[PDB]
Amino acid sequence: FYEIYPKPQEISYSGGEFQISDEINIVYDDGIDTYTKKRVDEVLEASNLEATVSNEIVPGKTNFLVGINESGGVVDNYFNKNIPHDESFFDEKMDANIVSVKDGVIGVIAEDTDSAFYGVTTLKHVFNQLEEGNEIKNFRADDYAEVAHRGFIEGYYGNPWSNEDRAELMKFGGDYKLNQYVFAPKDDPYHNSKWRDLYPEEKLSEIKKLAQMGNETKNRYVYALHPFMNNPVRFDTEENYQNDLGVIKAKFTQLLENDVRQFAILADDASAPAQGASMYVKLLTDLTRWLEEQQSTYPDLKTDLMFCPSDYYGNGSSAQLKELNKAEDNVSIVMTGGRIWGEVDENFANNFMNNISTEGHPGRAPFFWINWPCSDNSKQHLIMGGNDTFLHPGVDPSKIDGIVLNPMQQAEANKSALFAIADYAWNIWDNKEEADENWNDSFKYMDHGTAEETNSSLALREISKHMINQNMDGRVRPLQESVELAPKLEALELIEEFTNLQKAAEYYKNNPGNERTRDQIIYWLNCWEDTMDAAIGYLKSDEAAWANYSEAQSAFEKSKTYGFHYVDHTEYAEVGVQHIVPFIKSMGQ
Ligand SMILES: [Ca+2]
Ligand SMILES: [Ca+2]
Ligand SMILES: [Ca+2]
């Protein structure tokens, strides 16, 4: 059995297997975009396979078929004839795709080219687990997403991700079927304090590169505009309004011309228009009409519109939310789970749907903005877990419109959490066990992007077990770290425990699967050595009970010396805040 993330909705292996031939025949249907074809080329190339595109199934070699349901193409036809399914499948499930591997034929059929890309991405992961010279097991996956909108947002308080960081995060998410990177960096004025202003050319070309990466990975770049805080859209006259709408179209047109294909509207921390929240709906509908018109020129453009209201922390009862709920179905209402540090929670979600509803307007499910693994209230820490705290196992997916994570300023460190959201949002975790398994596997993928366990992934997981707690008050549920060590803490066994951690941090520092990652978390890896020295000494503790005590004191102090820039000051890395650091102090005296 292959390890596949996110977990396929359904997968069965009828026995049997086959060797994939050195030369591959590829068939495509009309509608398969260049990005899907490119991914296919990349997948075969990396397996050292040679491929030719044709318009027919070629007997006596492995066939690779990627197609669209109801396209009337060869692939569409083959699946009808050979791979039994119900047509209603593609209507009733989102991002619906079937992956079929049987006796020489490798096929994907999807409702659209995006979901075709998802199916091919499943095969990418399968091709990284091939045995005995490209031997692949017969299987069928009938797959679909339970949450339509899945990804992450640069919306924290901290240093922006670098342009390279952003590309890297979209690449990562692009391997796990995420479909949104929401661009909202606070240091870009063009999205807020200069929202009316067009980008100059050199900045525009950087956006272009982000949008492009977004399209190539399907981890689509979403440009978020806030036109309500600073010289806002005017609703005092029709004249003013039409002018202002026109400024938005001008902003969006420039971005459309530079490969941007999805938008979002922010409205937090600002007054509503004169007359209140009903005017948002007016604006969103008009924008939607425009976007629809833009699809003639730009067919891949999404009309889905996320709207961040000024009471995202609310329960859905407010008058503003009720008004917004009267918007059309392409509008999503962003909430943080009933308080700032809220969670993907069935109770919250169901109440929100009851509370926001009005006569003639049933309450839509909330679109969650989750402040996890967000560390802007925990700046010294990495938050390397918390899966099931923030992404509750068992939540009825009809109560979730979307999920995007608000992560850490250190771009690379967020990969474990991206891997959580990707799996969960695609296939709701059944239970805590599934959440924990995801967490466990995440480090393999974070470290080197495959199901293979390496020493580096082992070591990264090991230190991460102790870097989870946020050391915050009760505004957020506390995340539990050092779960196995903490009982033991409540001596020579303990030296084993601590030297084991010291070696894992050292090993990871010296031999990371990903050098970008290691460089970004170097502060914590160095902090670990000193932290482990501090504790180790004390545990050793007549001449030697002084010495191993006094070594420790010095190490602990050195452990607080590893600083990185945080916006306008320096922060110092800290590891094992929950149990390890207190224990060093408890032993201290
Ligand atoms: Ca069909
Ligand atoms: Ca569908
Ligand atoms: Ca032992």
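Every residue, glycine as well, gets a Cβ built from its backbone with ideal geometry; the counts of neighbours run over all protein chains shown. Basis: the model, the stated rules and, where named, an outside source; no laboratory instrument gave them.
Out of region 20-74, which residues are over 14 Å from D114 (Cβ atoms), small (G, A, S) and not in a loop (DSSP other than H, G, I, E, B)?
Matches in region 20-74: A46, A51, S54.
Does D423 meet the test of being under 30 Å from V147 (Cα atoms), more than 16 Å from ligand 3 (Cβ to nearest atom) and either small (G, A, S) or in a helix (DSSP H, G or I) (or both)?
yes
Of all residues in region 1-19, how many are assigned to a loop (DSSP other than H, G, I, E, B), surrounded by fewer than 18 Cβ atoms within 10 Å (Cβ to Cβ) and hydrophobic (A, V, I, L, M, F, W, C)? Reasoning before the result, please.
Start the filter on region 1-19 by keeping residues that are assigned to a loop (DSSP other than H, G, I, E, B), which leaves 1-9, 13-16.
Now drop any that are not surrounded by fewer than 18 Cβ atoms within 10 Å (Cβ to Cβ), which leaves 1, 3, 9, 13-16.
From the residues that got through so far, the ones that are hydrophobic (A, V, I, L, M, F, W, C) too are 1.
Counting residues in region 1-19 that are assigned to a loop (DSSP other than H, G, I, E, B), surrounded by fewer than 18 Cβ atoms within 10 Å (Cβ to Cβ) and hydrophobic (A, V, I, L, M, F, W, C) gives 1.
Would you be able to say whether some residue in region 39-58 is under 29 Å from the mean Cα position of the chain (by Cα), farther than 17 Å from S100 by Cα and not charged (D, E, K, R)?
Restricting attention to region 39-58, the residues satisfying the condition of being under 29 Å from the mean Cα position of the chain (by Cα) are 39-47.
Filter once more, keeping what is farther than 17 Å from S100 by Cα: 39, 41-42, 45-47.
Pick out the ones that are also not charged (D, E, K, R) and you get 46-47.
Scanning region 39-58 turns up at least one residue that is under 29 Å from the mean Cα position of the chain (by Cα), farther than 17 Å from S100 by Cα and not charged (D, E, K, R).
This table checks each residue for (1) outside the structural domain of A420 (by CATH); (2) within 20 Å of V281 (Cβ to Cβ); (3) in a helix (DSSP H, G or I).
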residue: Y176; (1), (2), (3): no, no, no
residue: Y181; (1), (2), (3): no, no, no
residue: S193; (1), (2), (3): no, no, no
residue: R196; (1), (2), (3): no, no, no
residue: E202; (1), (2), (3): no, no, yes
residue: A211; (1), (2), (3): no, no, yes
residue: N219; (1), (2), (3): no, no, no
residue: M229; (1), (2), (3): no, yes, no
residue: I248; (1), (2), (3): no, yes, yes
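Determine which member of the set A211, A250 is surrounded by fewer than 16 Cβ atoms within 10 Å (Cβ to Cβ) and either closer than 30 Å to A420 by Cβ or in contact with a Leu (Cβ under 9 Å, 6 or more places away or on another chain) (or both).
On the way: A211 fails: surrounded by fewer than 16 Cβ atoms within 10 Å (Cβ to Cβ).
Checking each option against the conditions leaves just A250.
Among the residues of region 471-487, how many are assigned to a loop (DSSP other than H, G, I, E, B) and either within 20 Å of the chain's Cα centre (by Cα) or surrounded by fewer than 16 Cβ atoms within 10 Å (Cβ to Cβ) (or both)? Full working, then the answer.
Within region 471-487, the first condition is being assigned to a loop (DSSP other than H, G, I, E, B), and the residues that meet it are 471-484.
Right, trim to either within 20 Å of the chain's Cα centre (by Cα) or surrounded by fewer than 16 Cβ atoms within 10 Å (Cβ to Cβ) (or both) and you get 471-475, 477-480, 483-484.
Here the count works out to 11.
Got a number for residues in region 57-95 being in contact with a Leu (Cβ under 7 Å, 6 or more places away or on another chain) and loosely packed, with under 14 Cβ neighbours inside 10 Å?
Just the residues of region 57-95 that are in contact with a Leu (Cβ under 7 Å, 6 or more places away or on another chain), to begin with: 75, 78.
When the remaining residues are screened for being loosely packed, with under 14 Cβ neighbours inside 10 Å, the result is none.
Qualifying residue count, region 57-95: 0.
Here is a list: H381, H466. Which entry is in contact with a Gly (Cβ under 7 Å, 6 or more places away or on another chain), assigned by CATH to the domain that holds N159 and at negative phi?
Numbers: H381 fails: in contact with a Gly (Cβ under 7 Å, 6 or more places away or on another chain).
It is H466.
Could you say whether any residue in region 320-335 is in the same structural domain as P362 (by CATH), in contact with a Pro (Cβ under 7 Å, 6 or more places away or on another chain) and farther than 28 Å from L255 by Cβ?
The answer is yes, given that some residue of region 320-335 is in the same structural domain as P362 (by CATH), in contact with a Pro (Cβ under 7 Å, 6 or more places away or on another chain) and farther than 28 Å from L255 by Cβ.
Considering each of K503, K465, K560 in turn, give the residue that is more than 16 Å from ligand 1 (Cβ to nearest atom), under 36 Å from the mean Cα position of the chain (by Cα) and either among the polar types (S, T, N, Q) or under 20 Å from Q589 (Cα atoms) (or both). So that I can check it myself, show each step before the final result.
Working: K503 fails: either among the polar types (S, T, N, Q) or under 20 Å from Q589 (Cα atoms) (or both); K465 fails: either among the polar types (S, T, N, Q) or under 20 Å from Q589 (Cα atoms) (or both).
Sole residue among the options that is more than 16 Å from ligand 1 (Cβ to nearest atom), under 36 Å from the mean Cα position of the chain (by Cα) and either among the polar types (S, T, N, Q) or under 20 Å from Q589 (Cα atoms) (or both): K560.
Identify all residues within region 78-118 that are in a helix (DSSP H, G or I), within 14 Å of ligand 1 (Cβ to nearest atom) and within 31 Å of the chain's Cα centre (by Cα); write none if there are none.
Initially, region 78-118 is screened for residues in a helix (DSSP H, G or I), giving 78-82, 88-92, 113-118.
Next cut, within 14 Å of ligand 1 (Cβ to nearest atom) only: 78-82, 88-92, 115-116.
Listed by number, the residues that qualify are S88, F89, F90, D91, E92, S115, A116.
Quick check on my filter: what residues within region 363-398 are of a type in the set (D, E) and in a loop (DSSP other than H, G, I, E, B)?
Narrowing region 363-398 to residues of a type in the set (D, E): 376, 388, 396.
Once the filter is applied, which keeps residues that are of a type in the set (D, E) and in a loop (DSSP other than H, G, I, E, B), region 363-398 yields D376, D396.
Looking at region 144-156, I want the residues that are among the hydrophobic types (A, V, I, L, M, F, W, C) and have a partner that is within 13 Å of ligand 2 (Cβ to nearest atom) and not in a loop (DSSP other than H, G, I, E, B) with Cβ atoms under 6 Å, at least 6 apart or on another chain. Which pairs are those?
Note: pairs meeting the criteria are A145/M94; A145/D95; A148/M94.
Does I68 meet the test of being in contact with a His (Cβ under 9 Å, 6 or more places away or on another chain) and within 16 Å of ligand 2 (Cβ to nearest atom)? Reasoning before the result, please.
Working: in contact with a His (Cβ under 9 Å, 6 or more places away or on another chain): no; within 16 Å of ligand 2 (Cβ to nearest atom): yes.
Considered against the rule, which asks whether it is in contact with a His (Cβ under 9 Å, 6 or more places away or on another chain) and within 16 Å of ligand 2 (Cβ to nearest atom), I68 comes out as no.
Look at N510 and say whether it is over 26 Å from the mean Cα position of the chain (by Cα), exposed (fewer than 15 other Cβ atoms within 10 Å of the Cβ) and closer than 25 Å to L418 by Cα. Walk me through it before giving the result.
Numbers: over 26 Å from the mean Cα position of the chain (by Cα): yes; exposed (fewer than 15 other Cβ atoms within 10 Å of the Cβ): yes; closer than 25 Å to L418 by Cα: yes.
Yes: the conditions hold for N510.
Quick one: which residue in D300, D304 is of a type in the set (D, E, K, R) and crowded, with 17+ Cβ neighbours inside 10 Å?
Only one candidate qualifies: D304.
Would you please list the contacts, defined by Cβ atoms under 7 Å and residues six or more apart or on different chains, that run from a residue in region 69-81 that is among the small types (G, A, S) to a residue that is more than 16 Å from ligand 3 (Cβ to nearest atom)?
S71/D29; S71/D30; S71/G31; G73/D29; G73/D30; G73/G67
Take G246 and tell me if it is of a type in the set (G, A, S) and closer than 22 Å to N355 by Cα.
On the way: of a type in the set (G, A, S): yes; closer than 22 Å to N355 by Cα: no.
Against the criterion (of a type in the set (G, A, S) and closer than 22 Å to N355 by Cα), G246 does not qualify.
From the list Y562, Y507, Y566, which one is hydroxyl-bearing (S, T, Y), outside the structural domain of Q409 (by CATH) and farther than 30 Å from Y156 by Cα? Show your work before the answer.
On the way: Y562 fails: farther than 30 Å from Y156 by Cα; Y566 fails: farther than 30 Å from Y156 by Cα.
Matching residue, one of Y562, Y507, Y566: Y507.
For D165, indicate whether it is charged (D, E, K, R) and touching a strand residue (DSSP E or B) at 6+ places or on another chain (Cβ under 6 Å). Spell out the reasoning first.
Values: charged (D, E, K, R): yes; touching a strand residue (DSSP E or B) at 6+ places or on another chain (Cβ under 6 Å): no.
Considered against the rule, which asks whether it is charged (D, E, K, R) and touching a strand residue (DSSP E or B) at 6+ places or on another chain (Cβ under 6 Å), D165 comes out as no.
Take the residues of region 488-513 that are touching a helix residue (DSSP H, G or I) at 6+ places or on another chain (Cβ under 6 Å) and part of a loop (DSSP other than H, G, I, E, B): which is nearest to ligand 2 (Cβ to nearest atom)?
Selected residue: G513.
Applying the selection to region 253-276, what residues are more than 12 Å from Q294 (Cβ to Cβ), among the acidic types (D, E) and surrounded by 12 or more Cβ atoms within 10 Å (Cβ to Cβ)?
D259, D268
Name the residue that is farthest from ligand 1 (Cβ to nearest atom), counting only residues in region 134-174 that are among the β-branched types (V, I, T) and outside any loop (DSSP other than H, G, I, E, B).
Of region 134-174, the ones among the β-branched types (V, I, T) are 136, 147, 153.
Retained after the next criterion (residues that are outside any loop (DSSP other than H, G, I, E, B)): 136, 153.
Details: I136: 24, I153: 36 Å.
Only one residue fits best here, namely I153.
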